[PDB]
Amino acid sequence: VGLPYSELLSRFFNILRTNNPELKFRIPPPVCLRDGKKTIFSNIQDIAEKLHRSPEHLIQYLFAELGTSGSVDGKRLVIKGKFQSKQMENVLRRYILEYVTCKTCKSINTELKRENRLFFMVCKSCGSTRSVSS
Amino acid sequence: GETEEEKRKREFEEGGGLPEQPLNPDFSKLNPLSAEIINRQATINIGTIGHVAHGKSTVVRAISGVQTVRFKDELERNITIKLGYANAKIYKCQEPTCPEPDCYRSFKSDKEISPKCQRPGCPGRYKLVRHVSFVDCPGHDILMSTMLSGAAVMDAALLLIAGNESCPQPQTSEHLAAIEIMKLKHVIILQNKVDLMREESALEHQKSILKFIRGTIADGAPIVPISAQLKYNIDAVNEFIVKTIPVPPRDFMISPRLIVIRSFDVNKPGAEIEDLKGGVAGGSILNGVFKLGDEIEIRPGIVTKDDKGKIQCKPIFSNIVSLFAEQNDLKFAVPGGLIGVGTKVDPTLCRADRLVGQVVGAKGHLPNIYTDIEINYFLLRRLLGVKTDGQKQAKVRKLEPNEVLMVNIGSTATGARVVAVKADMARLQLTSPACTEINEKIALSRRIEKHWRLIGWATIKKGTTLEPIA
RNA sequence: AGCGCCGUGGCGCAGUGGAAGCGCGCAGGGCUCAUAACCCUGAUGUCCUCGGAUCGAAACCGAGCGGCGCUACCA
Ligand SMILES: Nc1nc2c(ncn2[C@@H]2O[C@H](COP(=O)(O)OP(=O)(O)CP(=O)(O)O)[C@@H](O)[C@H]2O)c(=O)[nH]1
Ligand SMILES: [Mg+2]
């Protein structure tokens with residue numbers, strides 16, 4: 001008898017429609033600057049906010065993807081190397097795909113935490129515990 | 001201005017605390033729901049089964065709140081070989097006024113006797129209907145001995161199916177058939193992913209799941225849609241467990257026994273050795289009431305090979321330091337719940353996977369180790385766990401003489417050789433020791449496609465015994 | 001959880017017991033009609049934190065932090 005299954009399914013669907021009416025669409029367009037020998041990315045702070053991501057971890061991940069060196073200037077990242085905006089856009093796309101939003105379900109409110117020395121991710125909307133560090 | 005820790009204390013002492021168990025209670029009049037038993041140990045073992053990488057630890061964590069944690073750096077992420085344990089307290093609201101679906105509440109093991117209702121508007125308290133243990137069964141296609149043994153432990157089943165993925169998950173069916181092998185009916189079907197489907201997709205998935213459950217032995221399985229991540233619809237799961245699943249027949253008549261699945265050396269590093277503790281066997285008790293201070297013997301134990309290649313078996317005598325169950329040290333042990341029996345054994349026996357699936361008997365009983373075992377087998381039509389791309393799920397062949405196969409005798413994970421094949425009967429020679437106590441429901445797996453594959457069930461009919469050296 | 005390693009100048013090694021090092025990088029100059037090659041000058045540091053013997057430690061040690069490899073899951 002699967003009758004008392006559809007009712008609690010209905011209850012769950014009403015829960016979903018109550019909690020999450022909106023059911024990412026919040027990625028700032030990475031408008032970059034390629035000044036020949038130099039490259040300046042101003043959007044680094046905005047993409048830090050709209051993805052709820054702390055700046056230092058994001059910029060170190062960017063430096064870990066591509067072996068290029070520079071500095072951080074001002075609310076912007078100043079890397080002296082050669083990259084089209086498409087490729088840094090692609091790197092940000094990878095980081096968005098595998099860090100800000102989980103592959104299994106649509107969510108974003110998760111953030112960095114340190115659970116016995118690495119960076120162990122946890123969520124807020126759900127309560128996840130996934131060991132994503134590298 | 002009370003701190004949250006002060007608030008939680010005040011509620012804990014207000015909830016009756018956790019009273020100490022009586023040292024010597026009259027055991028003839030004790031039932032598994034008794035206040036001394038129900039408050040401080042788990043009387044029913046519920047086991048999680050599901051497809052790989054869908055979430056079975058998370059459902060248990062959402063129910064109780066006790067982390068399986070997951071370990072071994074590399075195993076932190078892929079799969080865990082050992083089982084996952086957690087205790088939940090089942091609390092029902094004493095007020096009839098609150099709706100019946102949400103009155104149930106599953107709390108962690110440290111909750112009080114009667115904690116307050118978190119529903120806004122109900123001053124009623126919670127009564128403890130039962131305490132339950134959870135045995136997280138790994139669901140990988142390579143790891144099969146641990147799943148069979150954890151099954152051999154548990155008494156209630158919990159099936160997880162993901163919605164957006166394909167309906168006929170094969171190793172989920174393998175889990176269900178393994179459950180059917182050991183004589184369990186009480187299975188609750190869970191839909192792990194329901195938020196991520198549409199209304200029509202969820203109904204289609206339910207229709208498919210129902211269409212799968214027509215030929216199997218289990219017929220009236222409850223189906224309930226939950227979410228391990230969103231953490232909702234927990235109370236009705238407790239409802240279904242309480243209503244559908246009663247206590248298996250387990251009283252104090254049967255002689256004492258143990259079945260160890262896990263080994264845990266207790267050697268806190270950095271600490272000086274002059275302050276140490278014994279070796280702990282993580283074992284389940286299906287029969288036997290154990291009290292603080294007892295002499296017990298691990299029957300297969302020391303397994304040696306002489307100069308002549310003969311296997312000598314030395315039982316591990318041991319005195320029980322403590323019977324660690326649930327949260328606190330307990331004066332008596334309840335059958336039907338996994339417990340850490342800490343004994344004087346050297347922790348090097350309980351460091352690695354050494355005491356995984358081994359029989360134990362207190363002093364005052366003589367189980368028999370065997371070397372040849374007569375076994376009565378019966379197989380299914382097809383192998384479970386192979387996604388053939390549309391072509392006739394592989395049919396089980398008839399067994400050959402002299403073939404190494406994994407024969408899970410209760411908890412024991414042994415690789416035996418067939419010395420003779422008959423119409424329904426076989427004889428298995430073992431190099432890894434195995435004992436026989438009563439029947440020890442057995443699972444059979446072959447090596448056809450690299451990793452082990454379940455084929456059918458069996459029960460011992462006879463065997464050639466060995467006399468342990470004293 | 002303990003033990004093996006470490007604490008940049010942008011890097012890697014280093015002397016680590018007189019107090020700022022070497023090469024690779026980068027800015028600048030030199031040679032050349034000119035470029036590369038070659039030749040010279042450089043500014044970068046809490047040499048991770050806190051205390052201690054020490055004229056004095058960055059160095060010699062310890063009451064804390066962070067990052068690395070094993071012991072391996074160490075109720
Ligand atoms: N979207 C979604 N994700 C879930 C749900 N339940 C669990 N997960 C995901 O599963 C992950 C945890 O998986 P885990 O419990 O380790 O899988 P497993 O139990 O080891 C698989 P096996 O039992 O075969 O070994 C989490 O990171 C979480 O995001 C759910 O209901 N919905
Ligand atoms: Mg598990």
# chains A, B, ... in the order shown; residues from 1 in each chain; ligands from 1
$ interface_residues --of "chain B" --to "chain A" --cutoff "8 Å" --atoms "only C-alpha atoms" --output "list in words"
residues 76, 77, 194, 195, 196, 199, 203, 220, 221, 222, 223, 224, 225, 229, 230, 231, 232 and 233 of chain B
$ residues_near_ligand --ligand "ligand 1" --cutoff "7 Å" --atoms "only C-alpha atoms (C1' of nucleotides) and all ligand atoms" --output "MDAnalysis selection string"
(chainID A and resid 104:105 128:130) or (chainID B and resid 49:59 77:80 137:140 192:193 227:230)
$ interface_residues --of "chain B" --to "chain C" --cutoff "6 Å" --atoms "only C-alpha atoms (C1' of nucleotides)" --output "list in words"
residues 267, 268, 269 and 270 of chain B
$ residues_around --residues "region 59-69 of chain C" --least-positions-apart "3" --cutoff "12 Å" --atoms "only C-alpha atoms (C1' of nucleotides)" --output "number ranges by chain"
A: 117-118; C: 3-7, 15-19, 47-54, 56
$ write_last_selection --atoms "C-alpha atoms (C1' of nucleotides)" --output "PDB file, in the first residue's frame"
ATOM      1  CA  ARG A 117      43.951  20.510   9.352  1.00  0.00           C
ATOM      2  CA  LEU A 118      42.374  20.770   5.880  1.00  0.00           C
TER       3      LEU A 118
ATOM      4  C1'   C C   3      56.028  11.430  16.001  1.00  0.00           C
ATOM      5  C1'   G C   4      59.206  13.133  11.445  1.00  0.00           C
ATOM      6  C1'   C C   5      59.790  18.517   8.230  1.00  0.00           C
ATOM      7  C1'   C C   6      59.096  23.673   7.642  1.00  0.00           C
ATOM      8  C1'   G C   7      58.198  28.862   8.740  1.00  0.00           C
ATOM      9  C1'   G C  15      74.574  30.343   7.055  1.00  0.00           C
ATOM     10  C1'   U C  16      71.795  29.872  10.823  1.00  0.00           C
ATOM     11  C1'   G C  17      74.818  31.291  17.090  1.00  0.00           C
ATOM     12  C1'   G C  18      77.681  39.547  14.545  1.00  0.00           C
ATOM     13  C1'   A C  19      72.272  41.137  12.697  1.00  0.00           C
ATOM     14  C1'   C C  47      63.698  34.472   8.023  1.00  0.00           C
ATOM     15  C1'   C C  48      55.705  32.244  11.543  1.00  0.00           C
ATOM     16  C1'   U C  49      53.883  34.029  17.229  1.00  0.00           C
ATOM     17  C1'   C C  50      54.880  34.649  22.398  1.00  0.00           C
ATOM     18  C1'   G C  51      59.153  34.350  26.559  1.00  0.00           C
ATOM     19  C1'   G C  52      63.968  32.914  28.207  1.00  0.00           C
ATOM     20  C1'   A C  53      70.363  32.327  29.028  1.00  0.00           C
ATOM     21  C1'   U C  54      73.034  35.391  26.057  1.00  0.00           C
ATOM     22  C1'   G C  56      73.195  40.651  21.632  1.00  0.00           C
TER      23        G C  56
END
$ closest_residue --among "C:40, C:20, C:33, C:25" --to "chain A" --atoms "only C-alpha atoms (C1' of nucleotides)"
C:25
$ select_by_dssp --residues "region 218-400 of chain B" --states "alpha helix (DSSP H)" --output "number ranges by chain"
B: 235-244
$ write_last_selection --atoms "N, CA and C atoms" --output "PDB file, in the first residue's frame"
ATOM      1  N   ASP B 235       9.902  12.567  11.438  1.00  0.00           N
ATOM      2  CA  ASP B 235       8.979  12.023  12.427  1.00  0.00           C
ATOM      3  C   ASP B 235       8.177  10.849  11.876  1.00  0.00           C
ATOM      4  N   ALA B 236       7.755  10.928  10.611  1.00  0.00           N
ATOM      5  CA  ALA B 236       6.953   9.853  10.035  1.00  0.00           C
ATOM      6  C   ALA B 236       7.790   8.604   9.785  1.00  0.00           C
ATOM      7  N   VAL B 237       9.091   8.772   9.544  1.00  0.00           N
ATOM      8  CA  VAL B 237       9.977   7.614   9.463  1.00  0.00           C
ATOM      9  C   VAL B 237       9.995   6.875  10.797  1.00  0.00           C
ATOM     10  N   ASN B 238      10.098   7.624  11.898  1.00  0.00           N
ATOM     11  CA  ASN B 238      10.004   7.039  13.233  1.00  0.00           C
ATOM     12  C   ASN B 238       8.650   6.382  13.464  1.00  0.00           C
ATOM     13  N   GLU B 239       7.579   7.050  13.033  1.00  0.00           N
ATOM     14  CA  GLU B 239       6.243   6.461  13.004  1.00  0.00           C
ATOM     15  C   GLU B 239       6.211   5.095  12.326  1.00  0.00           C
ATOM     16  N   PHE B 240       6.750   5.003  11.111  1.00  0.00           N
ATOM     17  CA  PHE B 240       6.710   3.741  10.381  1.00  0.00           C
ATOM     18  C   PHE B 240       7.564   2.683  11.071  1.00  0.00           C
ATOM     19  N   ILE B 241       8.707   3.088  11.624  1.00  0.00           N
ATOM     20  CA  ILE B 241       9.558   2.138  12.339  1.00  0.00           C
ATOM     21  C   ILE B 241       8.833   1.600  13.569  1.00  0.00           C
ATOM     22  N   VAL B 242       8.152   2.483  14.302  1.00  0.00           N
ATOM     23  CA  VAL B 242       7.485   2.088  15.540  1.00  0.00           C
ATOM     24  C   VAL B 242       6.290   1.190  15.246  1.00  0.00           C
ATOM     25  N   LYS B 243       5.519   1.515  14.207  1.00  0.00           N
ATOM     26  CA  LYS B 243       4.314   0.745  13.908  1.00  0.00           C
ATOM     27  C   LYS B 243       4.643  -0.564  13.198  1.00  0.00           C
ATOM     28  N   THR B 244       5.371  -0.480  12.083  1.00  0.00           N
ATOM     29  CA  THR B 244       5.568  -1.637  11.216  1.00  0.00           C
ATOM     30  C   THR B 244       6.493  -2.676  11.835  1.00  0.00           C
TER      31      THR B 244
END
$ closest_atom_pairs --of "chain A" --to "chain C" --cutoff "12 Å" --atoms "only C-alpha atoms (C1' of nucleotides)" --output "tab-separated table"
residue	atom	partner	partner_atom	distance
A:67	CA	C:11	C1'	11.7
A:68	CA	C:10	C1'	10.3
A:69	CA	C:10	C1'	7.3
A:70	CA	C:10	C1'	8.3
A:71	CA	C:10	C1'	9.8
A:80	CA	C:26	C1'	11.2
A:116	CA	C:1	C1'	10.1
A:117	CA	C:67	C1'	8.7
A:118	CA	C:67	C1'	9.6
$ atom_distance --atom1 "CA of residue 456 (chain B)" --atom2 "CA of residue 443 (chain B)"
6.4 Å
$ residues_around --residues "region 84-91 of chain A" --least-positions-apart "4" --cutoff "9 Å" --atoms "only C-alpha atoms (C1' of nucleotides)" --output "ChimeraX atom specification"
/A:29-34,62,65-66,95-96
$ write_last_selection --atoms "N, CA and C atoms" --output "mmCIF file, in the first residue's frame"
data_model
loop_
_atom_site.group_PDB
_atom_site.id
_atom_site.type_symbol
_atom_site.label_atom_id
_atom_site.label_comp_id
_atom_site.auth_asym_id
_atom_site.auth_seq_id
_atom_site.Cartn_x
_atom_site.Cartn_y
_atom_site.Cartn_z
ATOM 1 N N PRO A 29 29.308 38.906 -14.504
ATOM 2 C CA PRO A 29 30.083 38.775 -15.740
ATOM 3 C C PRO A 29 31.521 39.202 -15.520
ATOM 4 N N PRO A 30 32.479 38.292 -15.703
ATOM 5 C CA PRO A 30 33.881 38.626 -15.417
ATOM 6 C C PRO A 30 34.486 39.559 -16.453
ATOM 7 N N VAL A 31 34.183 40.852 -16.349
ATOM 8 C CA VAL A 31 34.714 41.857 -17.268
ATOM 9 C C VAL A 31 36.152 42.143 -16.842
ATOM 10 N N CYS A 32 37.110 41.706 -17.651
ATOM 11 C CA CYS A 32 38.519 41.814 -17.312
ATOM 12 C C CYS A 32 39.203 42.894 -18.148
ATOM 13 N N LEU A 33 40.494 43.087 -17.882
ATOM 14 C CA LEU A 33 41.326 44.048 -18.603
ATOM 15 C C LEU A 33 42.651 43.378 -18.939
ATOM 16 N N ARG A 34 42.939 43.237 -20.232
ATOM 17 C CA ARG A 34 44.200 42.676 -20.703
ATOM 18 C C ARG A 34 45.068 43.801 -21.250
ATOM 19 N N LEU A 62 42.737 30.599 -7.840
ATOM 20 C CA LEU A 62 43.080 31.103 -9.167
ATOM 21 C C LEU A 62 44.573 30.961 -9.440
ATOM 22 N N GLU A 65 45.360 27.231 -10.135
ATOM 23 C CA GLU A 65 45.019 26.780 -11.482
ATOM 24 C C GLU A 65 46.109 27.156 -12.480
ATOM 25 N N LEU A 66 46.519 28.421 -12.481
ATOM 26 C CA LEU A 66 47.463 28.954 -13.456
ATOM 27 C C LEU A 66 48.703 29.460 -12.734
ATOM 28 N N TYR A 95 35.680 26.816 -10.998
ATOM 29 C CA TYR A 95 35.532 27.033 -9.559
ATOM 30 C C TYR A 95 34.062 27.104 -9.165
ATOM 31 N N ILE A 96 33.243 27.757 -9.990
ATOM 32 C CA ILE A 96 31.809 27.828 -9.733
ATOM 33 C C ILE A 96 31.187 26.438 -9.799
#
$ closest_residue --among "B:255, B:146, B:31, B:114" --to "ligand 2" --atoms "only C-alpha atoms and all ligand atoms"
B:146
$ atom_distance --atom1 "CA of residue 175 (chain B)" --atom2 "CA of residue 69 (chain B)"
23.0 Å
$ atom_distance --atom1 "CA of residue 297 (chain B)" --atom2 "CA of residue 430 (chain B)"
21.1 Å
$ select_by_dssp --residues "region 67-295 of chain B" --states "strand (DSSP E or B)" --output "MDAnalysis selection string"
chainID B and resid 84:93 105:107 116 125:136 156:161 187:191 223:225 227 232 258:265 279:285 291 295
$ residues_around --residues "region 36-46 of chain A" --least-positions-apart "3" --cutoff "9 Å" --atoms "only C-alpha atoms (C1' of nucleotides)" --output "VMD selection string"
chain A and resid 27 to 33 49 to 51 54 to 55 58 to 59 73 to 83
